[PDB]
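[1] Got a sequence here, can you build the structure:
(10 chains, ligands or ions: 3)
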Amino acid sequence: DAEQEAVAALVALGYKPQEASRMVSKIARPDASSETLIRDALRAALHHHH
Amino acid sequence: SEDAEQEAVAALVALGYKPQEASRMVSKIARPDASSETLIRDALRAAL
Amino acid sequence: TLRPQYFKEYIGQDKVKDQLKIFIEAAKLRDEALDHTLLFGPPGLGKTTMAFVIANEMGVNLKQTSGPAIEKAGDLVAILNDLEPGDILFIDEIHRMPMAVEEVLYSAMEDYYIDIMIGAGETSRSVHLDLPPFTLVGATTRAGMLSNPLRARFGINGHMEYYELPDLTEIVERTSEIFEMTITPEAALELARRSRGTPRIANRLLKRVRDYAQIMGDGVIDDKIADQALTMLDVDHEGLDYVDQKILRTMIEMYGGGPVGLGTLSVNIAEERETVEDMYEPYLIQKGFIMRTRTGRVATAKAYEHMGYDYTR
Amino acid sequence: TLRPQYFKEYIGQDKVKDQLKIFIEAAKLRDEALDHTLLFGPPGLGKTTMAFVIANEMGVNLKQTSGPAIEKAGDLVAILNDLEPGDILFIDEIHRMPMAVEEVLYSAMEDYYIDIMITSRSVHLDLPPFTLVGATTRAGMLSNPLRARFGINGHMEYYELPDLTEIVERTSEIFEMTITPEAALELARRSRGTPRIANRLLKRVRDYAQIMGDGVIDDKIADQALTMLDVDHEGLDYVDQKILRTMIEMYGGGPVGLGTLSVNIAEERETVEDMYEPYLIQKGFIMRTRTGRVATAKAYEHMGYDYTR
Amino acid sequence: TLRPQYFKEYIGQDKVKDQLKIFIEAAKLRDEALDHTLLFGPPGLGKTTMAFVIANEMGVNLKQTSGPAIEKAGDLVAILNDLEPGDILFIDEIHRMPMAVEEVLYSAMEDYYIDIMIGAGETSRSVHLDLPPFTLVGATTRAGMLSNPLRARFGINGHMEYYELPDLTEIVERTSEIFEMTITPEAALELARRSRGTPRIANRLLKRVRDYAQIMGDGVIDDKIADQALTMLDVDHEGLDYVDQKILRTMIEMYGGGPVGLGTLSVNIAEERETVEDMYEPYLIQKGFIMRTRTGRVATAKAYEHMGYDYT
Amino acid sequence: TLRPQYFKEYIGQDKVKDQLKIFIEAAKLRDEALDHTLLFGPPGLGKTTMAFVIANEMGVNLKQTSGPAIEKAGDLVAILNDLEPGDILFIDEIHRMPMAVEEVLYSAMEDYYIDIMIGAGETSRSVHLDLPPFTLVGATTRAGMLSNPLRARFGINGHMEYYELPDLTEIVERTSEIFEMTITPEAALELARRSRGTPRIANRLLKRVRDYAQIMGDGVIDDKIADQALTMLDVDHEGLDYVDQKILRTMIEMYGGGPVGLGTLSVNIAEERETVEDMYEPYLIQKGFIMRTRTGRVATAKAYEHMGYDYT
Amino acid sequence: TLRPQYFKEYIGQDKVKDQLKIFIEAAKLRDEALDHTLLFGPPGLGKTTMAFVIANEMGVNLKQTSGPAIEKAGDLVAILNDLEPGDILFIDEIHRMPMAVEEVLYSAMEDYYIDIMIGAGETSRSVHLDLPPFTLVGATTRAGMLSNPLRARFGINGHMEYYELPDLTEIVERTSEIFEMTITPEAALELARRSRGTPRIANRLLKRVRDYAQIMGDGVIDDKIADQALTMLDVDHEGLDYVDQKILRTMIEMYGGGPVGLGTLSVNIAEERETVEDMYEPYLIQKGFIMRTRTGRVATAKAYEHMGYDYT
Amino acid sequence: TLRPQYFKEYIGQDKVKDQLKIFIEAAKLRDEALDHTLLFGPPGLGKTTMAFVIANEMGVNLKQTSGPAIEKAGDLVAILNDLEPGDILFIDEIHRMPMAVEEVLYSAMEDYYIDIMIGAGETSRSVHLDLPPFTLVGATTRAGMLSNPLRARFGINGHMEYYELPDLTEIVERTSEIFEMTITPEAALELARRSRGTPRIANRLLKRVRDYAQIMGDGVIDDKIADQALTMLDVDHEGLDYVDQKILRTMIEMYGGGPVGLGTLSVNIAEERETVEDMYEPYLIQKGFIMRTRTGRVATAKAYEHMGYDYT
DNA sequence: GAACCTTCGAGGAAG
DNA sequence: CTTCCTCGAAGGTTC
Ligand SMILES: Nc1ncnc2c1ncn2[C@@H]1O[C@H](COP(=O)(O)OP(=O)(O)O)[C@@H](O)[C@H]1O
Ligand SMILES: [Mg+2]
Ligand SMILES: [Mg+2]
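    Numbers count the residues shown, from 1 in each chain, chains lettered A, B, ... in the order given. Ligands and ions are numbered 1, 2, ... in the order given. Find the structure here:
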């Protein structure tokens, strides 16, 4: 169920459903909470630079 | 060499080229052994 | 000459021409390109030709493009790779470049490289492309809309100005030869005085006077033909058309010099508001004959004396 | 036909007509195409008619389009691609073209080549020598770069009483109606200096003579017909006369404001300012002043009142 | 019916009606289309009605549209070319058309053709679309809003005037015959004199007097019934409304006739400046009760003798 | 509920009620729809309330919308397509519509049809929608902003007026019943004299006094309880507020009653020029505290005695 | 937390607290929502904090937004659908809401219903929405900039005034108690006088003084330490800001003391008109530094002697 | 040094630099992050360089972005989630980010968490995210263009100002060392005076003088050579640009000192009126050469002696 | 010389 | 991009 809530939050941030679905679907952790999922889907999509 | 072939297309996409067109542009280059820099240089030059 | 190759052949612009001469010579004494240059001024004075002469003095090739024609960052980078060491890039109307491209030009101008970034998260990477040393020459007409980050990179500023009778007259003479028309020096001065300082206007006058001199005359442009040719056309010795004279005459005769509103003046001369305000009124202000005030247009003392009227406060 | 075809038929416009003859004759001698020409001025003076005359004198085929009909650069390329050496392209209401289209045209005029992008792809053309002719009422609406490319500028003017008299006689023979010389001058004085207005009055008078007359125009039927239209010998309509009368009898000649005057005649404010006052100001019957508008001494003489300074 | 259909039934407008008869009769003799006509003037004087009369007298079918319904060149280009020879096209509120569309009519009215881009891409071409002979008819209240090149193309112009008491009486009696109501000639005049010169207002007063007579009376419009109904509506024998009477009274009793400014007068009657200047002052001026001067409004002698005060 | 549902409940507006009763009864006997009606006047007087009563008396469903909610011709056509025979359409704040929309009603009101363009653009033609009988009701605070052709189409006009103390007193009593409170007649008259003649203001004052009496009192509004609450709300016995009082004080203490210019007086009170002229000056003039003169405004004796100063 | 949460903690504003207490207590004996309340006054006086107190005394949820944050009329309808029964809606800067959006609130406040257009194109239709009981709290600086239709619908008005020296001093002692800081009574009195009578400024200064006294001193705020710390910052002896000095200096040296208009001054000082009109003039006037005249503002002698110029 | 790492290396801005030192070290004693800081002032004075120095003195990694680079709340949340306790986020042109982001920025700055409501209708939920401690540093050109409610969230203000002649000359000398150019203290002071306070203007003139000295001189920048080179570049001794001199010369010679309007003047010289008011007049007014009046601009007496004209 | 009233003109912001 | 409208100046009368 955390998948739907995660995508809904990403949708609430303005990301398109297609990207939000892919972003969350790429992550997998049965023990993750809806908060911890959001904090990982975004961290994987930002281009980190040094 | 597949890494550079993919890389050259991906960087070319960030420059505003379409995914399909970037794939074609790189596909037109023959030498596989050369680095992504050499590929993007030729890919850009050929499109001028 | 009309196709000049060196500063010795370029007519006018002595102020900017003397400044560039030093910067070019100092650059040649080192293994360095000329600093980035930005040219300002009203449209139609020869900025395109000036860029070409700069490249010949440096001894390098000139590439040409324009801001409206570029549309994606890849377009700019593609041209930059075609540049050989020391090449000059001329961008016309540089103030209309899209921001998406402007942000890439900053790194190229300052360090001569571009750093394309790709991937995301742990896949975040970049590729560094070296660029050969090059000089960017920009030309603009609305200097007040360039961003401060861009202006900070341009080192040399150049201001173009209208030509003057001693140097505008020489253009008329050289153009007369291009169509084998003999012109007396005293006549060329009468055309130059009426050309408003613009070469396109002097060329237009010479073409029309030529047609008159070969149909109503002996094929020679003498002082007598010039007098007649410039009388068939309405152009006054100050360069005022028939409509210009009518506007000044109406304000002085009927409104005592003003103030008078644009709408009230338009109905007297039978012209549209946009035609008086954009075609005729701009040159009258530059010449100093009228002024615009919160209550309407007013005619200056200079207009009264030119039109032959007694000025009283 | 109603539109003259040659300069021998084009009555009036001596200034513009004289210049074009000099420029047209010289171009023929050099075997070159005529310079780009712009015709502008008030409505109905003959701008469109002059464009057809220029083509006939040059002996060339005239291509025709209009500004409102051109919406995108793709349209203009198709048109220009049809030009042959020496062809003339005439664009009416040229002030309507979008700015995206004008930027293309002033390049083609100077260099005779086109290099434009129009799924997008580049298109390139190399045009033959040709002449562009433009006609417009709102000349000031064109951009300064475009106006600088035109080499000839013809500014039209109003006609004189002798010219309009000859124009009325010409039109009368096309309708095969007989008109006396002293009656033609009566229609001229009322035509406000414009050929289109002169032709309109003749048609209205013709309809009257066919019903209330014997199909002939004479110095008696004209007075009767003009009394039916209620057009004064100065060309003033019924409402024009009402305006002058109200100002002289209710405000002592002014000054009076635009709002006060409109409400007194039951007219709409914008109709008086745009439709009626322009002619009265040009004839010198009314003047605008910082405090209002006042009727001049000429108005008192025309209406028949005692003038007092 | 409520709208007349032929010149036999159209009362008044003698100047306009006489001219149209002559031009229409001449057009039939030559067997050709009528010239373009423009009808303009104040509201409710009969502009729309006359356009239908023209079509009936010419004996052709009328096509109708309006300026607000037309918004882009494709709309008008689709309406045009649907015309058959001799059709009449009537555009109400012609002043609402966008000026980009007005310029398409310049060629159509003068030379019966329009330039159209046809095809697409390389196949795009400019070709003449050639129209059959037709007559354009426009009606508007804001003629000064039309472009000068367009107004110059209309070959006939009709300016509508106000009606006189004899003509308005005959209109009231005519309308009183469509409704099944008996009306005495005295009451017909008593209404016409209050109608401000406009046929639409005369019809409105009759409908209101009808409702009263059939509820509070025997359903007959006699002199006794009419006076009672007009007292309920509170409309003076000069057509002055209740608020109009209050304005004149306030000027005579507080400012001694003026001069007084518009702002000062409006606040004393609890009306906003806009309603006074737009709804009430315009009629009082045209009838001579008020005079506008550089110092303010002034009450005329005619207003004193109407309200019963002394013109000292 | 607060809003009256029938003419038997509606208090005041005798002139408007008397006329509307006759027209509504006559319409029923003929079995026809009511004529278009325009309600106008100051804010808070009952314009919206009356529209619902008319619908209850006719016995039909009232469709509602507003001027600023309609933005293009398509919106209006959608609303009009949903009409059924005899429906009443109410448009509040009708002066806020754009002109390009108002000109579409011209045909709908007179002939019950609308010209529309339909089709995607490749193929399209003009067609007439034919509307069923309906009654349009409009309400506006400023009739001067409507165009002349639109006002001419309304067949019934209702100008609203301010209420007198006897009628406004009965409204205060009625409202107390819906709140289940008890009020002494002396208190009901005290509240009325402070309400500036507007029912909306009278209801607001009662609601505040009600809260006070039931919190620090015995739950009854007596003359002594009302004075305490109204003194805490800072409403004078003449209905003046503190800002209004500050103005009158300055005019007497610094200028001896005037004459004084508006700009000069504004400075001494730190008030904006137009705020004083548009918000406060109107009521002071209508009550007779201030008087305008050619050299400035002047305080009357009534303003002296109310403030306690000595007149000279 | 720094923000007070109950009326027993909220210092000052006694004239406002007394009224809100009575109205809130009355609204609890009846199970009803509180009436819509408008709070207005200078910025930073504590009106946002007051909204939280009301919500906590009612014992209901609070939701916050701002005028500019509602981009279009549709966004408001969507927001209202999330309000639960009894929820309080606070709208800051309510005077800068767009006209097309403001006219949406009128019907929602007065009858708890709102008419909206739903769907698009051929599916476009009108609908009405019904809202559960809610209380709107509006805050604005310009009490007179609100439109009369909106302003007349608020039931309670709250005018908030500046704090006095005894009240601000107690707030300083309160704030220094939540932090683990010690301040002597003399420094608290000095800090209050230096803080323009505004709680937000008084808190901001204390935070910065705390850092200075910890590093450059013994960790205790004393008059000797406070005066130094205030001089290391830009706070003048009279609490004038560094920008205030520019205004007073410019008026005397560049305009010769005035009179000068803020419009012409603003562009000569290179500042936003809105900032000089709202941020600087209200204090400089209310403290006698600036005087207002019909011709413009003038600097008083107190400003001449303070800045050190010659009172010519 | 030219690009310092610590305050001891930074040249100038002594007032701002002295304030930050106390706040930065005081924060370490408490073992907590630094309050949010706002830097403002003219462009090019060193605002970006200052942000790096703060990060080094704290011992924290600096993260950088800009107002235009953020378009949606997802962007900011992504950056803020990647912060580590004590990190500094720098946002250039904080006044230019979209208003929809600021709603999220409030809770981030004030609460360090965000609430993202989700669901609709019968459903209503939210996700709440917690963020580590961090310091925000924002830069703008003007303090008044920033959002009023946002401006209250910042606790420290830093007003940058123009550099003095001793600081500019030091910069010029250091830069000459980089180019290996020998410049005497006399010439160094000349370039400073004519650079009107901005370091990058001083750097531009130095580069141009080198090219002149290397060809027209003996490679050493003497005072005699420097003065000659500057006349070739057309830079006045007061630092008036070529365009700055053109404005003053025109007003005196063509308009007798004025008054003259901006529209007239900007058409005489080939410039855009929006450009003259933004890039050129500001410096001329601050130096007292131009003064604004109701009738237009006027040339002061100082300009007459500067340009070399006989004053009236 | 302070206070009202009417009139014209140039901007700009709201579709 | 165009139309509308509102803010500001000043001429003229009277105390
Ligand atoms: N105090 C200073 N010391 C050394 N160099 C400076 C100083 N102030 C400005 N500069 C120089 O001038 C330019 C300022 O750039 P930057 O700091 O980005 O300006 P800003 O951020 O104020 O727009 C840089 O080239 C910088 O090296
Ligand atoms: Mg034509
Ligand atoms: Mg009609």
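[2] distance of residue C:217 from residue C:224?
    9 Å (Cβ to Cβ, to the nearest Å). Every C-beta, even on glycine, is put in place using the N, C-alpha and C of the backbone.
[3] Same question for residue C:303.
    Taking Cβ to Cβ, one finds residue C:303 at 31 Å from residue C:224.
[4] Mind checking which of the two has more residues around it?
    Between residue C:303 and residue C:224, counting by other Cβ atoms under 10 Å in any protein chain shown, residue C:303 is the more crowded of the two (23 against 12).
[5] Kindly list the main-chain dihedrals of the closest residue to the more buried one other than its chain neighbours?
    Using Cβ to Cβ, 6 or more residues apart in numbering or on different chains and skipping the chain neighbours, the partner closest in space to residue C:303 is residue C:289 (4.2 Å). With angles defined as degrees, to the nearest 10, residue C:289 sits at phi -80, psi -20.
[6] need the contact list for residue C:289.
    C:248, C:299, C:300, C:302, C:303, C:306 (Cβ atoms under 8 Å, 6 or more residues apart in numbering or on different chains).
[7] Equivalent analysis for residue C:41, please.
    By Cβ under 8 Å, 6+ apart, the contact set of residue C:41 is C:47, C:141, C:159, C:160, C:161, H:270.
[8] Now residue 27. Nearest residue, chain neighbours left out?
    Since you didn't name a chain, this refers to chain A. Closest residue in space to residue A:27, ignoring its immediate chain neighbours: residue A:40 at 5.2 Å, by Cβ to Cβ, 6+ apart.
[9] ah, no, chain C please
    Residue C:27 sits nearest to residue C:34 (Cβ to Cβ, 6+ apart), 4.8 Å away.
[10] which residues sit against stretch C:238-256?
    C:193-196, C:234-236, C:257-258, C:260, C:265, C:268-269, C:271, C:276, C:280, C:283-284, C:287, C:289-290, C:297, C:299, C:303-304, C:306-307, C:309, D:155, D:287.
[11] Out of the residues you listed, which sit inside helices?
    C:265, C:268, C:269, C:283, C:284, C:303, C:304, C:306, C:307 (DSSP state H).
[12] quick one: which of the residues you listed is nearest to residue A:30?
    residue C:283 (80.0 Å; Cβ to Cβ).
[13] For that closest one, which residues are in contact?
    Contacts of residue C:283 (Cβ under 8 Å, 6+ apart): C:196, C:239, C:244.
[14] Of those, which is the most crowded?
    residue C:244 (21 neighbours).
[15] what's the neighbour count on residue C:265?
    Applying other Cβ under 10 Å, I find that residue C:265 has 23 neighbouring residues.
[16] How about the contacts made by it?
    Residue C:265 sits in contact with C:247, C:250, C:251, C:276, C:297, where contact means Cβ under 8 Å, 6+ apart.
[17] so the last one makes contact with residue C:262?
    Which is residue C:297. Yes. Using Cβ atoms under 8 Å, residue C:297 is in contact with residue C:262, at 7.2 Å.
[18] who's more crowded, those two?
    Per other Cβ under 10 Å, whichever of residue C:297 and residue C:262 has more neighbours is residue C:297, with 25 against 14.
[19] Show me what the more buried one is bridged to.
    Residues in a beta bridge with residue C:297, per DSSP bridges, are residue C:260, residue C:292.
[20] OK, contacts around it?
    Counting by Cβ under 8 Å, 6+ apart, residue C:297 makes contact with C:251, C:258, C:259, C:260, C:261, C:262, C:265, C:281, C:290, C:291.
[21] Count the residues that sit near the first one.
    Summarising burial for residue C:251: neighbours were counted as other Cβ under 10 Å, giving 24.
[22] one step back: the residue nearest to residue C:27 and residue H:225, how far apart?
    22 Å.
[23] and which of the contacts of residue C:265 is nearest to chain A?
    Checking the contacts of residue C:265 against chain A by Cβ to the nearest Cβ gives residue C:276 as the nearest, at 51.1 Å.
[24] That closest one against residue C:266, yeah?
    Yes. Applying Cβ under 8 Å as the test, residue C:276 and residue C:266 come out as touching, 5.7 Å apart.
[25] Which residue of these two possesses the greater neighbour count?
    Shown here are residue C:276 and residue C:266; by other Cβ under 10 Å, residue C:276 has more neighbours (20 against 17).
[26] quick one: contacts for that one?
    By Cβ under 8 Å, 6+ apart, the neighbours of residue C:276 are C:247, C:262, C:265, C:266, C:269, D:140.
[27] Now for the first one, how many residues are close by?
    Applying the criterion other Cβ under 10 Å, we find 24 residues in the vicinity of residue C:247.
[28] For the residue lying closest to residue C:152 once chain neighbours are set aside, give its distance to residue C:151.
    Using Cβ to Cβ, 6+ apart and skipping the chain neighbours, the partner closest in space to residue C:152 is residue H:200 (6.5 Å). From residue H:200 across to residue C:151, the span is 10 Å (Cβ to Cβ).
[29] Same check on residue A:35?
    Computed as Cβ to Cβ, the residue A:35 to residue C:151 distance reads 46 Å.
[30] shouldn't residue C:162 be in contact with residue C:197?
    Yes. Counting by Cβ under 8 Å, residue C:162 touches residue C:197, with 3.5 Å between them.
[31] Just the closest of the ones in helices among the contacts of stretch C:238-256 to residue A:19, please.
    residue C:283 (57.9 Å).
[32] show me what contacts the residue in the stretch 51-200 of chain C positioned nearest to chain H?
    Closest residue of the stretch 51-200 of chain C to chain H, Cβ to the nearest Cβ: residue C:144 (2.9 Å). By Cβ under 8 Å, 6+ apart, the contact set of residue C:144 is H:271, H:272, H:274, H:275, H:278, H:279.
[33] Kindly report the same for residue C:306.
    Per Cβ under 8 Å, 6+ apart, neighbours of residue C:306: C:238, C:248, C:289.
[34] Return the member of those residues nearest to residue A:49.
    When the contacts of residue C:306 are ranked by distance to residue A:49 (Cβ to Cβ), residue C:289 comes first, at 60.8 Å.
[35] out of everything not next to it in sequence, what's closest to whichever residue of chain A sits closest to chain F?
    Residue nearest to chain F within chain A: residue A:14 (26.9 Å; Cβ to the nearest Cβ). Excluding the flanking residues, the one nearest residue A:14 by Cβ to Cβ, 6+ apart is residue H:72, at 4.1 Å.
[36] Would you mind measuring from the one you found to residue H:126?
    Counting by Cβ to Cβ - residue H:72 and residue H:126 are separated by 18 Å.
[37] Determine the number of other residues adjacent to residue C:67.
    So residue C:67, with other Cβ under 10 Å, has 18 neighbours.
[38] What count of nearby residues applies to residue C:24?
    Other residues lying near residue C:24 total 16 when counted by other Cβ under 10 Å.
[39] these two touch, right, it and residue C:58?
    Yes. Residue C:24 lies in contact with residue C:58 (Cβ under 8 Å); the separation is 6.2 Å.
[40] Report the set of residues contacting both of these two.
    Contact criterion Cβ under 8 Å, 6+ apart; residues shared by residue C:24 and residue C:58: residue C:34.
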